[PDB]
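start-v3.tsv (TSV, C-alpha atoms and all ligand atoms) appears below.
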```
chain	number	residue	atom	x	y	z
A	1	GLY	CA	25.98	-8.95	-0.32
A	2	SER	CA	25.90	-6.58	2.67
A	3	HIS	CA	23.19	-3.90	2.90
A	4	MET	CA	20.40	-5.92	1.25
A	5	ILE	CA	17.15	-7.11	2.84
A	6	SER	CA	16.64	-10.86	2.45
A	7	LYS	CA	13.85	-11.29	5.02
A	8	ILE	CA	11.35	-8.95	6.67
A	9	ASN	CA	10.56	-9.71	10.30
A	10	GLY	CA	7.75	-8.17	12.35
A	11	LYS	CA	9.71	-5.11	13.47
A	12	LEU	CA	10.82	-4.32	9.91
A	13	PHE	CA	7.17	-4.61	8.80
A	14	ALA	CA	6.15	-2.33	11.68
A	15	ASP	CA	8.78	0.13	10.44
A	16	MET	CA	7.30	0.04	6.93
A	17	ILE	CA	3.84	0.60	8.42
A	18	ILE	CA	5.05	3.52	10.54
A	19	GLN	CA	7.02	5.22	7.77
A	20	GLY	CA	4.29	4.55	5.22
A	21	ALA	CA	1.71	6.12	7.52
A	22	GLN	CA	4.03	9.05	8.26
A	23	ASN	CA	4.73	9.71	4.58
A	24	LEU	CA	1.02	9.57	3.78
A	25	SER	CA	0.31	11.99	6.63
A	26	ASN	CA	2.95	14.36	5.26
A	27	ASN	CA	1.20	14.31	1.85
A	28	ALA	CA	-2.43	14.17	3.02
A	29	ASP	CA	-3.18	17.73	1.89
A	30	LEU	CA	-1.86	17.07	-1.62
A	31	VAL	CA	-3.85	13.84	-1.94
A	32	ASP	CA	-6.91	15.77	-0.71
A	33	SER	CA	-6.47	18.40	-3.43
A	34	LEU	CA	-6.58	15.71	-6.15
A	35	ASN	CA	-9.87	14.11	-5.06
A	36	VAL	CA	-12.36	14.59	-7.92
A	37	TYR	CA	-13.80	11.03	-8.15
A	38	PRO	CA	-16.38	9.67	-7.42
A	39	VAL	CA	-17.54	12.84	-5.63
A	40	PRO	CA	-15.11	15.80	-5.78
A	41	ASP	CA	-15.17	16.38	-2.02
A	42	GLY	CA	-11.41	16.80	-1.56
A	43	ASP	CA	-10.99	14.34	1.32
A	44	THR	CA	-9.08	11.29	0.04
A	45	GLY	CA	-5.88	12.22	1.87
A	46	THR	CA	-7.69	12.83	5.15
A	47	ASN	CA	-9.62	9.57	4.72
A	48	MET	CA	-6.55	7.48	3.98
A	49	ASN	CA	-4.49	9.27	6.65
A	50	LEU	CA	-7.07	8.56	9.35
A	51	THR	CA	-7.41	4.93	8.25
A	52	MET	CA	-3.67	4.30	8.26
A	53	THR	CA	-3.18	6.15	11.55
A	54	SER	CA	-5.62	3.67	13.10
A	55	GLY	CA	-3.47	0.76	11.92
A	56	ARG	CA	-0.28	2.59	12.87
A	57	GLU	CA	-1.48	3.28	16.42
A	58	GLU	CA	-2.42	-0.38	16.93
A	59	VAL	CA	1.00	-1.53	15.71
A	60	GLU	CA	2.97	0.98	17.79
A	61	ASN	CA	1.17	-0.24	20.93
A	62	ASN	CA	1.51	-3.99	20.20
A	63	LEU	CA	4.90	-4.55	18.58
A	64	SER	CA	6.04	-8.05	17.67
A	65	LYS	CA	8.99	-9.55	15.83
A	66	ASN	CA	6.63	-12.19	14.39
A	67	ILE	CA	5.43	-10.59	11.16
A	68	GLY	CA	2.28	-12.73	11.04
A	69	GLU	CA	1.10	-11.50	14.43
A	70	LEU	CA	2.14	-7.91	13.66
A	71	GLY	CA	0.10	-8.14	10.46
A	72	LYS	CA	-2.98	-9.21	12.42
A	73	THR	CA	-2.58	-6.16	14.67
A	74	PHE	CA	-2.12	-3.88	11.66
A	75	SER	CA	-5.03	-5.39	9.72
A	76	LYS	CA	-7.47	-5.02	12.62
A	77	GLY	CA	-6.42	-1.41	13.17
A	78	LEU	CA	-7.20	-0.48	9.56
A	79	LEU	CA	-10.45	-2.44	9.38
A	80	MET	CA	-11.91	-0.83	12.52
A	81	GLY	CA	-11.16	2.70	11.32
A	82	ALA	CA	-11.62	2.62	7.57
A	83	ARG	CA	-12.94	5.93	6.22
A	84	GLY	CA	-14.25	6.72	2.75
A	85	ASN	CA	-13.85	4.77	-0.46
A	86	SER	CA	-10.07	5.02	-0.26
A	87	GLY	CA	-9.69	3.97	3.37
A	88	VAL	CA	-12.04	1.03	2.92
A	89	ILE	CA	-10.12	-0.17	-0.13
A	90	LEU	CA	-6.80	0.43	1.64
A	91	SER	CA	-7.96	-1.63	4.62
A	92	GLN	CA	-9.03	-4.43	2.28
A	93	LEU	CA	-5.77	-4.41	0.31
A	94	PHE	CA	-3.87	-4.89	3.54
A	95	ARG	CA	-6.42	-7.33	4.96
A	96	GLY	CA	-5.50	-9.68	2.11
A	97	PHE	CA	-1.80	-8.80	2.38
A	98	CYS	CA	-1.67	-9.65	6.08
A	99	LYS	CA	-3.85	-12.76	5.79
A	100	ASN	CA	-1.30	-14.15	3.32
A	101	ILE	CA	1.49	-13.98	5.94
A	102	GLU	CA	-0.50	-14.72	9.10
A	103	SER	CA	1.45	-17.89	9.99
A	104	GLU	CA	4.92	-16.50	9.20
A	105	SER	CA	7.61	-15.09	11.48
A	106	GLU	CA	9.48	-13.50	8.55
A	107	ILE	CA	8.93	-13.30	4.79
A	108	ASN	CA	11.28	-13.14	1.81
A	109	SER	CA	10.94	-11.15	-1.42
A	110	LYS	CA	8.79	-13.73	-3.21
A	111	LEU	CA	6.31	-13.94	-0.32
A	112	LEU	CA	6.27	-10.14	-0.16
A	113	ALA	CA	5.25	-9.95	-3.83
A	114	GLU	CA	2.67	-12.72	-3.35
A	115	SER	CA	1.20	-10.76	-0.43
A	116	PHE	CA	0.73	-7.62	-2.53
A	117	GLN	CA	-1.07	-9.79	-5.09
A	118	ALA	CA	-3.22	-11.40	-2.40
A	119	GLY	CA	-4.25	-7.93	-1.25
A	120	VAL	CA	-5.29	-6.96	-4.78
A	121	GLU	CA	-7.49	-10.05	-5.02
A	122	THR	CA	-9.13	-9.30	-1.67
A	123	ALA	CA	-9.81	-5.67	-2.58
A	124	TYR	CA	-11.29	-6.40	-6.02
A	125	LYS	CA	-13.67	-8.92	-4.46
A	126	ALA	CA	-14.66	-6.49	-1.70
A	127	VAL	CA	-15.68	-3.66	-4.05
A	128	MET	CA	-19.07	-4.47	-5.57
A	129	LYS	CA	-18.51	-2.34	-8.69
A	130	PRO	CA	-14.77	-1.87	-9.26
A	131	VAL	CA	-13.72	1.02	-11.50
A	132	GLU	CA	-10.42	1.25	-13.36
A	133	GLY	CA	-8.14	4.27	-13.21
A	134	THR	CA	-8.19	4.10	-9.42
A	135	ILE	CA	-6.36	2.83	-6.33
A	136	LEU	CA	-7.36	-0.66	-7.48
A	137	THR	CA	-5.60	-0.18	-10.83
A	138	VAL	CA	-2.43	1.13	-9.19
A	139	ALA	CA	-2.41	-1.67	-6.61
A	140	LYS	CA	-2.98	-4.27	-9.35
A	141	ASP	CA	-0.15	-2.97	-11.52
A	142	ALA	CA	2.21	-2.66	-8.54
A	143	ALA	CA	1.49	-6.29	-7.60
A	144	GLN	CA	2.05	-7.50	-11.17
A	145	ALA	CA	5.42	-5.75	-11.10
A	146	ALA	CA	6.28	-7.22	-7.69
A	147	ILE	CA	5.60	-10.77	-8.85
A	148	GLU	CA	7.61	-10.40	-12.06
A	149	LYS	CA	10.59	-8.82	-10.31
A	150	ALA	CA	10.69	-11.13	-7.28
A	151	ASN	CA	11.36	-14.32	-9.26
A	152	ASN	CA	14.93	-13.10	-9.90
A	153	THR	CA	15.43	-10.56	-7.07
A	154	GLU	CA	16.20	-11.70	-3.53
A	155	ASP	CA	16.74	-8.15	-2.22
A	156	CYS	CA	13.51	-6.66	-0.86
A	157	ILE	CA	14.93	-3.14	-1.30
A	158	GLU	CA	15.49	-3.56	-5.05
A	159	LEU	CA	12.04	-5.17	-5.29
A	160	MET	CA	10.33	-2.25	-3.54
A	161	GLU	CA	12.15	0.23	-5.80
A	162	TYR	CA	10.87	-1.62	-8.87
A	163	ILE	CA	7.34	-1.81	-7.42
A	164	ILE	CA	7.40	1.97	-6.95
A	165	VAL	CA	8.67	2.63	-10.48
A	166	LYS	CA	5.86	0.61	-12.04
A	167	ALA	CA	3.18	1.85	-9.64
A	168	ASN	CA	4.18	5.37	-10.66
A	169	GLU	CA	3.74	4.46	-14.32
A	170	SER	CA	0.30	3.02	-13.56
A	171	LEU	CA	-0.67	6.12	-11.58
A	172	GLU	CA	0.39	8.44	-14.42
A	173	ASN	CA	-1.80	6.35	-16.74
A	174	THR	CA	-4.96	6.58	-14.61
A	175	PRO	CA	-6.33	9.60	-16.58
A	176	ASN	CA	-6.42	7.38	-19.69
A	177	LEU	CA	-8.89	5.04	-17.94
A	178	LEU	CA	-11.15	7.44	-15.99
A	179	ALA	CA	-12.62	10.31	-18.00
A	180	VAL	CA	-12.92	12.86	-15.17
A	181	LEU	CA	-9.19	12.58	-14.39
A	182	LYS	CA	-8.20	13.52	-17.93
A	183	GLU	CA	-10.81	16.28	-18.21
A	184	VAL	CA	-9.58	17.93	-15.01
A	185	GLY	CA	-5.89	17.07	-15.46
A	186	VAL	CA	-5.00	15.04	-12.36
A	187	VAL	CA	-3.97	11.50	-11.45
A	188	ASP	CA	-6.14	9.41	-9.14
A	189	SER	CA	-6.09	10.61	-5.53
A	190	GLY	CA	-6.53	7.11	-4.07
A	191	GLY	CA	-3.64	5.79	-6.15
A	192	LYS	CA	-1.52	8.77	-5.17
A	193	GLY	CA	-2.13	8.03	-1.49
A	194	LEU	CA	-1.23	4.37	-2.01
A	195	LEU	CA	2.05	5.38	-3.68
A	196	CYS	CA	2.76	7.59	-0.66
A	197	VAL	CA	2.45	4.53	1.59
A	198	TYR	CA	4.64	2.44	-0.73
A	199	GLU	CA	7.37	5.09	-0.65
A	200	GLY	CA	7.36	4.93	3.15
A	201	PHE	CA	7.72	1.15	2.86
A	202	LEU	CA	10.90	1.70	0.83
A	203	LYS	CA	12.30	4.20	3.34
A	204	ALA	CA	11.88	1.67	6.14
A	205	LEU	CA	13.46	-1.13	4.11
A	206	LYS	CA	16.52	1.10	3.70
A	207	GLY	CA	16.69	1.64	7.47
A	208	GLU	CA	15.52	5.23	7.04
A	209	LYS	CA	12.95	7.54	8.63
A	210	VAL	CA	10.47	9.82	6.86
B	301	LIG	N1	-15.72	1.84	-7.46
B	301	LIG	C1	-14.41	2.09	-7.21
B	301	LIG	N2	-13.43	1.28	-7.68
B	301	LIG	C2	-12.13	1.51	-7.44
B	301	LIG	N3	-11.68	2.57	-6.73
B	301	LIG	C3	-12.55	3.46	-6.21
B	301	LIG	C4	-13.99	3.28	-6.43
B	301	LIG	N4	-14.61	4.30	-5.80
B	301	LIG	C5	-13.65	5.08	-5.25
B	301	LIG	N5	-12.42	4.57	-5.50
B	301	LIG	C6	-11.14	5.14	-5.05
B	301	LIG	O1	-11.37	6.00	-3.96
B	301	LIG	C7	-10.71	7.27	-4.19
B	301	LIG	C8	-11.44	8.35	-3.43
B	301	LIG	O2	-11.63	7.99	-2.07
B	301	LIG	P1	-12.48	8.89	-1.07
B	301	LIG	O3	-12.17	10.32	-1.42
B	301	LIG	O4	-11.97	8.50	0.30
B	301	LIG	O5	-13.90	8.51	-1.37
B	301	LIG	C9	-10.71	7.39	-5.70
B	301	LIG	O6	-9.74	8.32	-6.16
B	301	LIG	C10	-10.45	5.96	-6.16
B	301	LIG	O7	-9.06	5.66	-6.13
B	302	MG	MG	-15.62	13.13	3.43
B	303	MG	MG	-13.49	11.93	-1.46
B	304	MG	MG	20.18	2.02	4.99
```

Show me, as structure tokens, the structure contained in the file I just sent.
Ligand SMILES: Nc1ncnc2c1ncn2[C@@H]1O[C@H](COP(=O)(O)O)[C@@H](O)[C@H]1O
Ligand SMILES: [Mg+2]
Ligand SMILES: [Mg+2]
Ligand SMILES: [Mg+2]
Amino acid sequence: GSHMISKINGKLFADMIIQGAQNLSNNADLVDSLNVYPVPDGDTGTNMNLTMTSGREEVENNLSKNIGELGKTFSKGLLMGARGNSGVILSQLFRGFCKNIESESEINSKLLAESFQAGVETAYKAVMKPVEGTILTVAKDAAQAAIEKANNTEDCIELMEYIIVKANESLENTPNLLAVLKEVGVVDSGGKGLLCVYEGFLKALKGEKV
């Protein structure tokens, strides 16, 4: 090819973390305005923004080209600053993601998809009473799409684009699973914040800045 991404090293992953955190920060007020579940306290964007900034600050201060070591730095940053339901779940999604790659220097598209799925498994186990129509649902559907696409797609850019398309479809379907979302007329705020991070991931894979 030419401008495709076959492997993601530690600096590329740091770029996805930085641009994902920056895109979430740029949309934090919108994600806040959507927060009606479980308590309508309008803080999901702030909670996820503060959680991801903790991971972002750790990464920016301890860069590595070894993705497994970078992932440890990122994971610890999120886990020691996780705020609210959404930040806790976000830190657990990426705890499982980063644990899956801890011994790797770089990962390919199939390991990337597997890592999204590993994060979903970690997060569902961490939440005592998981509820559908939420950030868990969006993460689960995005991981299912990643795994299906990666078996025939070596380009991590094309994979991330497909992940985003199907995560968007899952997010738009969250009101059909969670009554309060349909009754108020909004998608899930936690899932919207997660999509904001995933869109930053794609920007970084394309060598772009948010
Ligand atoms: N029991 C649960 N299962 C799955 N997701 C949840 C649960 N409780 C809260 N959430 C997510 O957390 C978001 C709100 O986070 P926060 O405003 O930080 O409490 C919701 O929109 C959901 O996506
Ligand atoms: Mg609050
Ligand atoms: Mg809230
Ligand atoms: Mg480019």

Problem - Within-6 Å residues of ligand LIG 301 (chain B), basis all atoms listed in the file, as a PyMOL selection string - result: chain A and resi 35+37-38+43-44+47+84-87+129-131+134-136+188-191

Problem - Distance query residue 109 in chain A at most 6 Å, all atoms listed in the file, self and fewer than 2 positions along chain excluded, as a list in words - result: residues 111, 112, 150, 154 and 156 of chain A

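A straight line drawn from CA of residue 73 in chain A to CA of residue 146 in chain A is 24.1 Å long.
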
Counting only C-alpha atoms, what is within 9 Å of residue 106 in chain A, bar same-chain residues fewer than 3 positions away, as a PDB file with C-alpha atoms, in the coordinates of the input?
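That gives us around06.pdb:
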```pdb
ATOM      1  CA  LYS A   7      13.850 -11.290   5.020  1.00  0.00           C
ATOM      2  CA  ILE A   8      11.350  -8.950   6.670  1.00  0.00           C
ATOM      3  CA  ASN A   9      10.560  -9.710  10.300  1.00  0.00           C
ATOM      4  CA  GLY A  10       7.750  -8.170  12.350  1.00  0.00           C
ATOM      5  CA  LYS A  65       8.990  -9.550  15.830  1.00  0.00           C
ATOM      6  CA  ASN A  66       6.630 -12.190  14.390  1.00  0.00           C
ATOM      7  CA  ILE A  67       5.430 -10.590  11.160  1.00  0.00           C
ATOM      8  CA  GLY A  68       2.280 -12.730  11.040  1.00  0.00           C
ATOM      9  CA  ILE A 101       1.490 -13.980   5.940  1.00  0.00           C
TER      10      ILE A 101
END
```

Problem - Surrounding residues of residue 166 in chain A excluding itself and chain neighbours under 2 positions, 8 Å, only C-alpha atoms, as an NGL selection string - result: :A and (141-142 or 145 or 162-164 or 168-170)

Exercise for the section: Identify, on the basis of all atoms listed in the file, every residue whose closest approach to residue 22 in chain A does not exceed 10 Å; exclude the query and any residue fewer than 3 positions from it along the same chain; express the result as a VMD selection string. Expected result: chain A and resid 16 to 19 25 to 28 49 52 to 53 56 196 to 197 200 209 to 210

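Nearest to residue 60 in chain A of all the residues A:124, A:116, A:94, A:74 is A:74, based on only C-alpha atoms.
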
Problem - Site check for ligand MG 304 (chain B): residues at most 8 Å away, all atoms listed in the file, as an MDAnalysis selection string - result: chainID A and resid 3 205:208

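With only C-alpha atoms and all ligand atoms as the atoms that count, the minimum distance from ligand MG 302 (chain B) to the choices A:48, A:119, A:14, A:6 is reached by A:48.
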
Using all atoms listed in the file, which protein or nucleic acid residues come within 8 Å of residue 96 in chain A? Drop anything in the same chain fewer than 5 positions from it, and give the result as a tab-separated table (two decimals) with C-alpha atoms, keeping the file's coordinate frame.
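Output (out08.tsv):
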```tsv
chain	number	residue	atom	x	y	z
A	115	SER	CA	1.20	-10.76	-0.43
A	118	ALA	CA	-3.22	-11.40	-2.40
A	119	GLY	CA	-4.25	-7.93	-1.25
A	120	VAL	CA	-5.29	-6.96	-4.78
A	121	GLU	CA	-7.49	-10.05	-5.02
A	122	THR	CA	-9.13	-9.30	-1.67
A	123	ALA	CA	-9.81	-5.67	-2.58
```

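Considering the residues A:39, A:89, A:160, A:113 and counting all atoms listed in the file, residue 203 in chain A has its shortest atom-to-atom contact with A:160.
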
Problem - Among the residues A:148, A:158, A:137, A:31, the one that comes closest to residue 177 in chain A [using all atoms listed in the file] - result: A:137

Exercise for the section: Please indicate the distance in Å from CA of residue 195 in chain A to CA of residue 61 in chain A, rounded to one decimal place. Expected result: 25.3 Å

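Taking CA of residue 110 in chain A and CA of residue 12 in chain A as the two end points, the separation is 16.3 Å.
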
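Remark: for residue 95 in chain A, the closest of the candidate residues A:125, A:182, A:76, A:83 is A:76 (distances computed over all atoms listed in the file).
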
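For the choices A:193, A:77, A:55, A:42, the atom-to-atom distance to ligand MG 303 (chain B) is smallest for A:42 when using all atoms listed in the file.
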